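A.B. asks: Structure incoming, see below.
Number of protein chains: 2
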Amino acid sequence: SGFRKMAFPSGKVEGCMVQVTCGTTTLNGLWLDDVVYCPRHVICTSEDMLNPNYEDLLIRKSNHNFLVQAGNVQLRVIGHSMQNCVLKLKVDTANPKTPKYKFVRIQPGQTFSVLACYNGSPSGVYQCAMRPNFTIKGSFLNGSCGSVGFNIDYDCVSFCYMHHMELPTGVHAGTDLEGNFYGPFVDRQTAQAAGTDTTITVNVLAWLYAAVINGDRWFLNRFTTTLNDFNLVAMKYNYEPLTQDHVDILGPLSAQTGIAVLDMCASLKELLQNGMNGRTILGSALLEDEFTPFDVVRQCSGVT
Amino acid sequence: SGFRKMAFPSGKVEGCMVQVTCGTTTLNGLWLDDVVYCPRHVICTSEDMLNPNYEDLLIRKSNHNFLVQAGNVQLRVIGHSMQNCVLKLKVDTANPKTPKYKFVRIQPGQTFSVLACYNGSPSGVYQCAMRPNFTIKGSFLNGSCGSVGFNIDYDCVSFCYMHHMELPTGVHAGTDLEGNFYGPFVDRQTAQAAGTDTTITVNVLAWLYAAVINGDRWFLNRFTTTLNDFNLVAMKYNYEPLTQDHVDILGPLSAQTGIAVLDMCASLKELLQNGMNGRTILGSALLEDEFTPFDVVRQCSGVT
Ligand SMILES: *CC(=O)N1CCN(C(=O)c2ccco2)CC1
Ligand SMILES: *CC(=O)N1CCN(C(=O)c2ccco2)CC1
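Protein chains in written order, with the deposited numbering: chain A, 1 to 304; chain A', 1 to 304. A prime marks a further copy of an entry chain.
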């Protein structure tokens, strides 16, 4: 029993973190096989980051200008290229700790673990969600860029995020491991405002299911609703529209608990309309939206 | 910027988890050097766990009855002993991945990372606090016993917790790595009720400091208080008494922010008396008490 905001074990990713230094800029890189992946802004002076021309800046850089250090051993860089907003540094040694891995581009509402690193050294691990406005709410100080987000399926690390920037509002923006930003963000120090941070409805429902399974039941009511009726209330409270796809995804949690998805919708509807009245659910005073239906099943079933 | 409930990187502890099987009971064990540490209740039939006599049960057990598996390789058990509520299984092979380590017995209010495991395989990592009633609020299913709690100081893992039991109220009890329970709990399936789960005052204040540092400032007021005046309000709200020791510990966060500890006490006092009025602090609708002053400094400074 008990339900916790739970990250994947980080060891497989710890084994992949290196330090990348270009001139006076030191960031993190991800070493998989004989490639090191890092944010292309490693090549910028903070002056450059006002309006950088990365192709032009990169002409001035050689293999030997990229200093790559794994623990306290230097890797030999034998090639470099830019793919979107990342650099791929070819090194002469395959990472002996390379796990089975994939690069995946997640959808908004999907959750992942971040291994926060500084100078290629892990400081901590936490669970995130790709927000509907394509930001993440992370914990990233200067030096943390190149820290990655991942999921693990048994022995395969799916890398979904690399950290690139903090918006003036203190929320975070980054790329997949092909170097394509999530959302409309650019690796430039300019006016970039996030859109509406809406609540991930399907995740709230999954977490209400988790609460029932773990004995927190006070919010279960006598009501049901329809997708359309629920969605009117969702819209009013800046919740994501609930789709039949979302209902299908919640099917197994529905089955296990014997609470129809639309009944749990009606419970969530009353919580939105009435508030918590100073009560808590799984130790929260607000409705948690950074557990996926998959996360709830995994943690409630004990997958390794 | 941003502040997250952050666990230590788990890799060093992942390398220490094994499976222990005695008859039909399979739990987790911690392999350090040539010793495997596990809960002594590995020897019990669930019938036994009503009123077990562990010394008597252990007479019936040989080295060869303890099946120890590290990945998919069996370890040879060459000795076994009971220390308090843990078994120490001597194996013929030193764990090659043994990190630098210590066994520490933490105080209530101290935080630690848990690596939740099943069958000696890591499923996830989360941050906990030793509650003032010597319980922890974890995420533990059947098979999770022998999962451990730890802190890391650069390269040294301090092991502070091994998971042994769930109370009927779905909160968790366990031992240090000398096998001594935290609090008054016993490894018996009997009536065991937790005392008052009071709020860790010094941790709330540390987290209010974290909030100020990360730009969440709406709750800062024009007031101050005294330790005695604050403590009257603390008592009323089932908060731990604040001591001069706690004030001294918050000194560096006071210094960094320029907010006197007693001013932040007065802010917390108004939050207790007035509530959040539907507002949030670092994305919470309640006052978080599972960050230590040390945790706030570490995460705000980016220690690795
Ligand atoms: C995410 C990260 O580590 N960084 C550090 C490098 N960089 C800057 O310091 C910078 C330059 C101009 C604006 O910010 C980006 C963030
Ligand atoms: C923590 C853990 O893994 N367990 C599993 C073994 N055990 C029981 O199933 C049990 C027997 C009697 C009561 O509970 C303790 C908890």
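Ideal placement from N, C-alpha and C gives every residue a C-beta, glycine not left out.
(1) Could you tell me how far apart the beta carbons of residue 267 (chain A') and residue 177 (chain A') are, in whole angstroms, since I believe they sit closer than 8 angstroms?
(2) Got a sec: which bits of the stretch 271-299 of chain A' sit with their beta carbon under 9 angstroms from any beta carbon on chain A, in order along the chain?
(3) Please list the terminal residues of the continuous beta strand (DSSP E) segment that includes residue 68 (chain A').
(4) Would you report the Cα separation of residue 281 (chain A') and residue 215 (chain A'), rounded to the nearest angstrom?
(5) Please determine, among A':199, A':163, A':128 and A':197, the residue with the shortest C-alpha to C-alpha distance to residue 146 (chain A').
(6) Take every Cβ of the stretch 295-304 of chain A', pair it with every Cβ of the stretch 108-128 of chain A, and state whether three or more of those distances are shorter than 8 angstroms.
(7) Quick one: what's residue 18 (chain A) bridged to in DSSP?
(8) Could you name the residues whose beta carbon sits closer than 7 angstroms to any heavy atom belonging to ligand 1, keeping them in chain order?
(9) Please confirm whether residue 242 (chain A') and residue 253 (chain A') have their CB atoms less than 8 angstroms apart.
(10) Can you name the residues of chain A' whose CB is closer than 8 angstroms to the CB of residue 172 (chain A)?
(11) With residue 34 (chain A) as the anchor, note down where its alpha helix (DSSP H) starts and where it stops.
(12) Give the DSSP-derived three-state secondary structure of residue 56 (chain A) in the structure shown.
(13) State yes or no: is the C-beta of residue 210 (chain A') within less than 8 angstroms of the C-beta of residue 3 (chain A')?
(14) With respect to the alpha helix (DSSP H) encompassing residue 299 (chain A), which residues constitute its N-terminal and C-terminal limits?
(15) Under the DSSP definition of a beta bridge, which residues are partnered with residue 83 (chain A)?
(16) Contact check, residue 109 (chain A) vs residue 180 (chain A) under 8 angstroms by CB: the rounded distance?
(17) Do you know whose CA, among A':68, A':224 and A':261, lies nearest residue 245 (chain A')'s CA?
(18) Leaving out the 5 sequence neighbours to the left and right, which residues in its chain are closer than 6 angstroms to residue 287 (chain A) when beta-carbon positions are compared?
(19) If residue 238 (chain A) and residue 196 (chain A) are in contact, beta carbons under 8 angstroms, what's the gap, nearest whole angstrom?
(20) In terms of DSSP beta bridges, what is residue 1 (chain A) paired with?
(21) Please list, in chain order, the residues of the stretch 78-105 of chain A' that have any C-beta partner in chain A closer than 7 angstroms.
(22) Distance check for residue 212 (chain A) and residue 264 (chain A), CA to CA, integer angstroms please.
(23) The alpha helix (DSSP H) spanning residue 270 (chain A') covers which residue range?
(24) Is residue 165 (chain A) helix, strand or coil by DSSP?
(25) Hey, is residue 21 (chain A)'s beta-carbon within less than 8 angstroms of any beta-carbon in chain A'?
(26) Mind checking residue 64 (chain A'): buried by the 16 CB within 10 Å criterion, or exposed?
C.D. replies: Working from what's here:
(1) Along the second sequence, read from residue 1 onward, the residue named residue 267 (chain A') stands at position 267. Along the second sequence, read from residue 1 onward, the residue named residue 177 (chain A') stands at position 177. Wrong, their Cβ atoms sit about 39 angstroms apart, outside the cutoff.
(2) 275, 276, 278, 280, 283, 284, 285, 286, 298 and 299
(3) Walking along the second sequence from the start, residue 68 (chain A') turns up at place 68. From DSSP, the beta strand (DSSP E) with residue 68 (chain A') extends over 66-70.
(4) For this step, residue 281 (chain A') is matched to residue 281 along the second sequence. For this step, residue 215 (chain A') is matched to residue 215 along the second sequence. Cα-Cα distance, rounded: 10 angstroms.
(5) Taking the second sequence and counting its residues from 1, the one referred to as residue 146 (chain A') is at position 146. Ranking A':199, A':163, A':128 and A':197 by Cα distance to residue 146 (chain A') puts A':163 first.
(6) yes
(7) Position 18 of the first sequence, counted from the start, is the residue given in the question as residue 18 (chain A). A:29.
(8) A:25, A:27, A:41, A:44, A:46, A:49, A:140, A:142, A:143, A:144, A:145, A:163, A:164, A:165, A:166 and A:189
(9) Start at 1 with the first residue of the second sequence, and residue 242 (chain A') comes out as number 242. Start at 1 with the first residue of the second sequence, and residue 253 (chain A') comes out as number 253. Taking 8 angstroms as the Cβ cut-off, residue 242 (chain A') and residue 253 (chain A') do not qualify as a contacting pair.
(10) Translated into the one-based positions of the first sequence, residue 172 (chain A) becomes position 172. What residue 172 (chain A) touches in chain A': 2.
(11) For this step, residue 34 (chain A) is matched to residue 34 along the first sequence. Where residue 34 (chain A) is concerned, there is no enclosing alpha helix (DSSP H), given that its DSSP letter is neither H nor E.
(12) Here residue 56 (chain A) refers to the residue found at position 56 when the first sequence is read from its first residue. Three-state result, residue 56 (chain A): helix.
(13) For the purposes of this step, residue 210 (chain A') is taken as the residue at position 210 of the second sequence. For the purposes of this step, residue 3 (chain A') is taken as the residue at position 3 of the second sequence. Yes, they are a contact pair.
(14) For the purposes of this step, residue 299 (chain A) is taken as the residue at position 299 of the first sequence. Here the alpha helix (DSSP H) through residue 299 (chain A) covers 293-301.
(15) The residue given as residue 83 (chain A) occupies position 83 in the first sequence. Beta-bridge pairing links residue 83 (chain A) to A:86.
(16) Along the first sequence, one-based indexing puts residue 109 (chain A) at 109. Along the first sequence, one-based indexing puts residue 180 (chain A) at 180. Not really, about 18 angstroms apart at Cβ, beyond 8 angstroms.
(17) As a working note, residue 245 (chain A') is residue 245 in the second sequence. Checking every option, the nearest Cα to that of residue 245 (chain A') belongs to A':261.
(18) Within the first sequence, numbered from 1, the residue matching residue 287 (chain A) stands at position 287. 204.
(19) Taking the first sequence and counting its residues from 1, the one referred to as residue 238 (chain A) is at position 238. Taking the first sequence and counting its residues from 1, the one referred to as residue 196 (chain A) is at position 196. The Cβ separation is near 6 angstroms, so the contact holds.
(20) Sequence index remark: in the first sequence, residue 1 (chain A) carries index 1 (1-based). According to DSSP, residue 1 (chain A) bridges with nothing at all.
(21) none
(22) Position 264 of the first sequence holds residue 264 (chain A). Position 212 of the first sequence holds residue 212 (chain A). Taking the straight line joining both Cα atoms gives about 10 angstroms.
(23) Within the second sequence, numbered from 1, the residue matching residue 270 (chain A') stands at position 270. Here the alpha helix (DSSP H) through residue 270 (chain A') covers 261-274.
(24) Against the first sequence, residue 165 (chain A) aligns to sequence position 165. Annotated three-state conformation of residue 165 (chain A) is strand, per DSSP.
(25) Translated into positions along the first sequence, residue 21 (chain A) becomes position 21. The beta carbon of residue 21 (chain A) sits no closer than 8 angstroms to any beta carbon of chain A'.
(26) On the second sequence, residue 64 (chain A') is found 64 positions in, with the first residue counted as 1. Label assigned to residue 64 (chain A'): exposed.
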